[PDB]
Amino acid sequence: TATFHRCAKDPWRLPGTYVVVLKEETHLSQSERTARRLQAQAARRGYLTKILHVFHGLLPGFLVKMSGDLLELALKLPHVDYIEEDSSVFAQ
C-alpha cells in the first residue's frame, strides 16, 4: 500500500534523509511510536538512524536520516502513507 517517491531532477535529490508521511488521522503519539519502531528495527540490522523531526499540525510523520537500504522495512511500518526522499528548493 505505502509508496516511495524521490525528486525527478537528479541533481536536486538529497539521498540519506527521508520524510515518512503517515495516514491522515495518525496521532502524534502514534507518529512518535512509529519513529521509535523504525529506529529499533534498523538497530537490530546494524543501522544507525536519527529522527531529526516529528511532524504534527499539518501532516503526521517524521524526518529521518538513515540509509536508503531501510526503505523496504520503513514502507512496512504501521500507519505509513508514503515516504519521500528529501530534495532541494531554490530562491526564484
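Numbering starts at 1 and follows the sequence shown.
Looking at the deposited entry, does 44-52 or 30-38 carry the larger mean Cα B-factor?
Mean CA B-factor is higher for 44-52.
Compare the mean C-alpha B-factor of 1-9 with that of 82-90 as given in the PDB entry, and name the stretch with the higher value.
That would be 1-9.
Which is it among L77, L22, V19, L14: the one with the largest CA B-factor in the entry?
Comparing C-alpha B-factors across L77, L22, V19, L14, the top value belongs to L77.
Please rank the C-alpha B-factors of the chain's modelled residues and tell me whether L63 sits in the lowest, middle or highest third.
CA B-factor rank for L63: lowest third.
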